Amino acid sequence: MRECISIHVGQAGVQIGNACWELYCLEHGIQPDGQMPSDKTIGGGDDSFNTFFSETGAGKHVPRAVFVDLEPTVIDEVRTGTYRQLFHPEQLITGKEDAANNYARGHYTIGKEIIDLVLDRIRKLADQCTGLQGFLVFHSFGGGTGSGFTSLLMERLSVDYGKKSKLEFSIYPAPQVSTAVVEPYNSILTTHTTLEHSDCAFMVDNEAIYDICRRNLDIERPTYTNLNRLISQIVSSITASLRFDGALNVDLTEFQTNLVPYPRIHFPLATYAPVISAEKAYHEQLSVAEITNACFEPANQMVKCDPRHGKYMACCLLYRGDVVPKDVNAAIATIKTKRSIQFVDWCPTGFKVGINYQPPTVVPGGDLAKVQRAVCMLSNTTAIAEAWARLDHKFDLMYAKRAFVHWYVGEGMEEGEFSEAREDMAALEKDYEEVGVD
Amino acid sequence: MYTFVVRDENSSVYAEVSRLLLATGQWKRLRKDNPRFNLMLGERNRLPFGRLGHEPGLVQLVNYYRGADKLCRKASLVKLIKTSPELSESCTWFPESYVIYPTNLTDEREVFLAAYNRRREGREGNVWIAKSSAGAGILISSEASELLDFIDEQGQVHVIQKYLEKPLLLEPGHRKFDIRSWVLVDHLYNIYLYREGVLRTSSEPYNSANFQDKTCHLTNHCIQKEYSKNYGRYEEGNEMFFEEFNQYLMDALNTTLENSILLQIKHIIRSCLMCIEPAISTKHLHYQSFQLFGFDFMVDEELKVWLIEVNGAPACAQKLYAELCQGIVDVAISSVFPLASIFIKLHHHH
Amino acid sequence: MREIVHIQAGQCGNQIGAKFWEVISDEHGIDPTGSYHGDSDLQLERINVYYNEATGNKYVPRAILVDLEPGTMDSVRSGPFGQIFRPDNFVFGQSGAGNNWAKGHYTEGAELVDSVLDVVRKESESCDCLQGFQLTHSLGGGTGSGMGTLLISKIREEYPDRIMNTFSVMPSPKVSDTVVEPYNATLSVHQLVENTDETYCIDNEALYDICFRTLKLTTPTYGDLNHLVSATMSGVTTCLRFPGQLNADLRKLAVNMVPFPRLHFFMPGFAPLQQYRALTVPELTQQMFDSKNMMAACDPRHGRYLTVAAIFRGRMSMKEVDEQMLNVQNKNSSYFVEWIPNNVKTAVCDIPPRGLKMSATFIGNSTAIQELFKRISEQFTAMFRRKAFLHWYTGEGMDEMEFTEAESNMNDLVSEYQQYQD
Amino acid sequence: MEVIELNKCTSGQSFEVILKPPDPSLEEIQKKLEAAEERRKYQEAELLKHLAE
Ligand SMILES: Nc1nc2c(ncn2[C@@H]2O[C@H](COP(=O)(O)OP(=O)(O)OP(=O)(O)O)[C@@H](O)[C@H]2O)c(=O)[nH]1
Ligand SMILES: Nc1ncnc2c1ncn2[C@@H]1O[C@H](COP(=O)(O)OP(=O)(O)CP(=O)(O)O)[C@@H](O)[C@H]1O
Ligand SMILES: Nc1nc2c(ncn2[C@@H]2O[C@H](COP(=O)(O)OP(=O)(O)O)[C@@H](O)[C@H]2O)c(=O)[nH]1
Ligand SMILES: CNC(=O)c1ccc(S(N)(=O)=O)cc1
Ligand SMILES: [Ca+2]
Ligand SMILES: [Ca+2]
Ligand SMILES: [Ca+2]
Ligand SMILES: [Mg+2]
Ligand SMILES: [Mg+2]
Ligand SMILES: [Mg+2]
């Protein structure tokens, strides 16, 4: 058994982190007070759920998590929330004033005087790990804390944990739920300083989650709660292999081996289904060929793009529910005959399939309806570069006039770090095109 | 009040749609970099599709199907036909063709010589033609050594196909010609054929014993008006339309344009588009696409139709700009942004 | 707990700032004595931003009243909510400023600025975390203009990394106490350009034309004009006073509204202004953007919007709010600069103002504001070319050199707004 | 269409299906930070000096 530490940075990372761990407890049968009746080993044991949970003599199962926000309002919700009993105060760190949506303010100004504290709190969890695997870092691109402080935290973790893996769950900026004009600046600034330090990044575009909530769940104006309840469902499927018995993606090292042949292109596209509104009296339960078929519609991609006009470098299928390998292959065959799945000539054309029998657990009272089978596909498509081209484009529009640059220069950052970051994205778009286009 | 942008200043077809859009008083034109638009008349090469369909509360429409280059590029169309089972290497309406990379750069050199050596041995007509997309650069010849020696002198991808030695000649004159059909595809993937075609005819008597003089062999509107000495003699602008051409077919061959030719054209367009539909369809996409295509056909003395090439950014005949453009606005643009048929629907299975 | 320190200086400043505290104190359930009698917990959620909590559950505003003559402030202490302010926070002299910037900035004001700051330090030293300061004042007078800017220049010296937000009232010859108001305004403008982060431009001429035409009021008064300022000030602070995620504090607001340091002068506006009719969300927007609901007396169609911050208040379809906002941008995008994506943000507030089903407030960083500094600079030069009325100032220690400099510091401010409108 | 690496347990099973064969040290980070801190101090000084004038 090997442990995994989850780190949540900024508002988005903390609230989303609050939604995942809520889901994790409903899946593993862990109550809000941290008690797990099904766990017969009291105060210890190297079971699969022990990768995300440590055990105390009193029988409490404690998440291996660390929340970090530069302002206490968002984290205080967790200290007095429903799952307040799971964590202890050490795991929750809060400053007194935030970064004001300013990467420079989250990385340099406020970051310098709290980094040694976050690391010290993380060092405390690593000590409880007999064989620590790596880190899962949740955060946002547009937030000043989720972007400025995270890129700094990553730089240090690579120093204090050189041999450990680091995976990202990033929130892509979407204007329909964003209140910040400079979020392009932050996204491009953080992706530049974090690239060499992240082994695998799952980008979730709020614009994508937003329309799935309005289209599949009939929410006319979704709230962050509606968005986080869904993002946790996806995250739950992507991390389930670490928390459950199995053989596919049993530790973080396999996420790179199974999804990142080229290091810089470490942004797998995600796809999940089915998403059914709980308000519907009853729905025709979809088969394996129907849920698998959905994984190639743009409507349930965590980022809106067109894989048909790209090339795949790897592909995983994570099933949960009443699924047998016989029906999985049957679906895949009929999908190849109808779909456009172009692989790079230097990578095999195949799919790694994993099946967990327990169906996806739904938050009682939430928006999602209980389904009998579901799948989450991870695809390293060059099509995801479209998201960069968009973001990089907006970056060009504002920086060409130097708008808002003074807020960053004022925090001590150098104006050259903008172009140095932009030139990096230009090279990232080039590598994406060298792999996918002819 | 709808809004649209323009990014292809050289586009003559859509320069009229924009003029008509403004004539309705319900369409506002924006600068070519204002992302808040309803309709984009985008640029030919390197149109940024990835940036379309991300403006909250705005339905966006673009006039180019992402992936259509698979059908409108010379070398692309060939590989698409031989590889696509919907067409197969045994397709009967597409001339036998091969993809040949210049020897300074897969490639089908040897497979071309095999079919070539088989013809030269069988006494059959063995005259081929070479061409490329980087041309206005074409060479017709019956010697495989000349064709291969001409492609190597270039630096782009070329294609060699069987030159139709027995083309249908119009009288009087004894002259070659081709047919241009304009096909429009809307967002629902309905395939409308413009009832009005044009026959860009040659004003020179077809001469099969001298491929060196390419004035009686190539029927491009720019070649006949430059290197032809009988331009405009028989018909105006070397453009015969489906009315005059339909009468001649009845006076000479005792058959109609609909039966002899138009049926085959309506089948070639169906099979070409239905093939790539799964690859370019914008059914469940964040944006919507529609593109005007310009098909070029050849007719032999047996009244059999062959496919030459497809044009993803074609130009229309002078006498058919008003009628067609208005049709584009009715079924392709206004069909999505309604305001306050000159096409022939080709029903198919989606 | 992010606290804000309020300051109001001069006759216009204190009258305006007075009604402001009257307006919001009612929206937060605070009676004239400082006690709470509301019915919703949102009234206290962000209450400590503007109110200090004293003994017995009393809420004492974090305000400092400053003037050089007791005339106006005495009216405040005898006003409706006069008994609610901190008795010590009243700092005043007796000489008065005589509508003279020099007296407020160099002579009379200098003799009282050390004492005003000592109270600022007292309030800040109790703030768990201080965001910044907000000042109310006019620019055509002597105290609020001359001394007000003198305070900011010094407050920024002791708090260099705190947000300085102000509500400046621009003078208009249609509503002018004196002919020297152009002088006083031009002088303060250069100080606001330098040492402030956010300035809500409030032209009395606009307030006047609004009261005369849109409100059909025959003869307007300063009191009538102050209801507009009160209403305007109530909305622009809603982001800071109630639970919200957009523009929750001053620095975040500054970051999303000021792409360039010297262009931080906003054009505010709200709506609404046959009174018992329910106003639809479409109407709120149609008016909210119309120039007749803006207190800048500038035709935005003569300029371009750099950024916009709309705040909607009251139980309403937040889905219908998004749809309508996205309609104004898509039908008038020619007036928004295209090199700043999504430069329009929308926030919803559940607590409406008073007695209105729903309301909307406009915050615009528009280049058409240059039309405002054009009038001021025109009226300035009309007199400075003949040295008229300069003796009131040269007699206070100033030189024509300092005037020529301020005159040019603003002409440069106009050129700056002009190069971005193209 | 080949199925390889088949593993089965109580909680599920996984397999593979083939269709067709084929940093800055802790010192430099402190300097980057102290360098930006120095650029804030220098700017705050120029501001004050401007106010002292
Ligand atoms: N999906 C999702 N996105 C969120 C959530 N919270 C914030 N965001 C997104 O995060 C972006 C801004 O980042 P924040 O996390 O709010 O900012 P921050 O990390 O607290 O950093 P500061 O600037 O210091 O406040 C916005 O574009 C939001 O759309 C959330 O709970 N769920
Ligand atoms: N295999 C073949 N047999 C007979 N003629 C042929 C031929 N291939 C090409 N042609 C001639 O060449 C012309 C088409 O050339 P092609 O379409 O390759 O160049 P192009 O694309 O620049 C002209 P367009 O304006 O139609 O796009 C036709 O007029 C036809 O007569
Ligand atoms: N809107 C408004 N403007 C005012 C008010 N009082 C004064 N003014 C304007 O402010 C300018 C004079 O400033 P003044 O208040 O005398 O400054 P002071 O010397 O600091 O008190 C004139 O242009 C007036 O029009 C008021 O109550 N409301
Ligand atoms: C000259 N007699 C005054 O009492 C007087 C006249 C004018 C001023 S002013 N407006 O401040 O320049 C002050 C005082
Ligand atoms: Ca145990
Ligand atoms: Ca590393
Ligand atoms: Ca004195
Ligand atoms: Mg935040
Ligand atoms: Mg061509
Ligand atoms: Mg006065």
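The rules we used
- Residues numbered from 1 in each chain as written, not as in the entry; some residues may be left out.
- Chains lettered and ligands numbered in written order.
- Part of a larger assembly, values for the part shown.
- Heavy atoms only, no water.
- Residues with missing side-chain atoms left out of burial classes, pairs and counts.
- UniProt positions renumbered as here; feature names shortened; annotations may be inferred.
- Contact = heavy atoms within 4.5 Å.
- Helix = DSSP H or I, 4+ residues; strand = E, 2+ residues; numbered from the N terminus.
- Near = heavy atom within 4 Å.
- Polar contact = N/O pair within 3.5 Å; in protein donor to acceptor, adjacent residues only side chain to side chain.
- Nonpolar A, V, L, I, M, F, W, Y, C, P; charged D, E, K, R; others polar.
- Buried area = accessible area lost by both parts, 1.4 Å probe.
- Salt bridge = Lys/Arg side-chain N within 4 Å of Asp/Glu carboxyl O.
- Pairing = 2+ DSSP bridges.
- Axes fitted to C-alpha atoms, helices over the stretch in contact; angles between N-to-C directions.

For this coordinate set, the PDB header names X-ray crystallography as the determination method and states a resolution of 2.9000 Å.

Looking up chain C in the PDB entry gives the name Tubulin beta-2B chain, with the organism given as Bos taurus. The UniProt entry for chain C carries the following text under Cofactor: "Mg(2+)". In the Sequence similarities part of its UniProt record, chain C is described as follows: "Belongs to the tubulin family."

By the naming in the PDB entry, chain A goes by Tubulin alpha-1B chain and is assigned to Bos taurus. Looking at the Catalytic activity heading of the UniProt record, one finds this comment for chain A: "GTP + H2O = GDP + phosphate + H(+)". Quoted verbatim from the Subcellular location field of the UniProt record, the comment on chain A reads "Cytoplasm, Cytoskeleton".

### Let's talk about the arrangement of the chains
Ranked by contact count, the leading pair among the five pairs of chains in contact consists of chains A and D. The two units chain B and chain D are non-contacting; their minimal C-alpha-C-alpha distance is 16 Å.

### Considerations on the UniProt feature "binding site: Mg(2+)" in chain A
Residue and element names in this part refer to chain A. UniProt tags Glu71 as "binding site: Mg(2+)". With respect to the helices, strands and loops of the structure, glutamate 71 is situated in the loop between β4 (65-69) and α2 (72-79). In this structure, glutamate 71 is in contact with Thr94, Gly95 and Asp98, ignoring residues within four places of it in sequence.

### What to know about the site of ligand 1
Taken together, 24 residues lie near ligand 1, and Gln15(A), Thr145(A), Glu183(A), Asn206(A) and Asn228(A) sit nearest. With respect to ligand 1, the chains having nearby residues are chains A and C. Here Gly144(A) contributes a backbone N or O atom positioned 2.8 Å from an oxygen atom of ligand 1. Of all the secondary structure elements, the ones that give two or more residues to the shell around ligand 1 are α1 (10-28), α5 (144-160) and α8 (224-243) of chain A. Sorting elements by how many residues they give to the shell around ligand 1 places α1(A) first, with five residues. Considered class by class, the residues forming the shell around ligand 1 number eight nonpolar, 12 polar and four charged.

### What to know about the interface of chain C and chain D
In many reports, interface size means the accessible area that the parts give up when they come together. With six residues of chain C at the interface, the matching set in chain D holds five residues. With both sides pooled, the region where chain C packs onto chain D buries about 490 Å², and carbon together with sulfur makes up 63% of that total. Three residues stand out in chain C for area buried against chain D, namely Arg156(C), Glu157(C) and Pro160(C), and they jointly supply 67% of the buried area on that side. Here chain C is connected to chain D by zero salt bridges. There are one residue pair in polar contact connecting chain C and chain D. Counted by class, the side of chain C that touches chain D contains one nonpolar, two polar and three charged residues.

### So, the sheet that holds strand β8 (residues 158-162) of chain B
Residue and element names in this part refer to chain B. Spatially, the four strands line up as an open sheet ordered β5-β8-β6-β7, and their pairing is antiparallel. At either margin of the open sheet sits one strand with a lone partner, and together these are β5 (97-100) and β7 (139-141). The mean inter-strand angle of the sheet, taken between neighbouring strand axes irrespective of direction, is 20°. Against the sheet, helix α5 (residues 144-152) makes contact with β5, β6 (128-131), β7 and β8, and its axis sits at roughly 165° relative to β7, the strand it touches most.

### Quick look at the sheet that holds strand β1 (residues 4-9) of chain A
All names here are of chain A. The sheet built from six strands is open, its strands ordered β5-β4-β1-β6-β7-β8 with parallel pairing. With one partner strand each, in any of the chains shown, β5 (92-94) and β8 (200-205) form the two edges of the open sheet. Each adjacent strand pair in this sheet contributes to an overall mean axis angle of 15°, direction not counted. With three bridges joining them, β4 and β5 adopt parallel strand pairing. Along β5, the bridge assignment pairs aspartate 69 with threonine 94.

### A word on the UniProt feature "active site" in chain A
Residue and element names in this part refer to chain A. Mapped onto this structure's residue numbering, the UniProt feature "active site" falls at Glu254. By the secondary structure assignment, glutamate 254 is in helix α9 (residues 253-257). Looking at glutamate 254, its side chain comes within polar contact range of the main-chain nitrogen of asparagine 249, at 3.0 Å.

### Quick notes on the side chain of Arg105(A)
One can find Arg105(A) in helix α3 (residues 103-109). Looking at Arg105(A), its side chain comes within polar contact range of the side chain of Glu97(A), at 3.1 Å. Looking at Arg105(A), its side chain comes within polar contact range of the main-chain oxygen of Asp98(A), at 3.5 Å. If near-sequence neighbours (up to four positions away) are discounted, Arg105(A) is found in contact with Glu97(A), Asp98(A), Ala99(A), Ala100(A), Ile110(A), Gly111(A), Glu411(A), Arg162(C) and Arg251(C).

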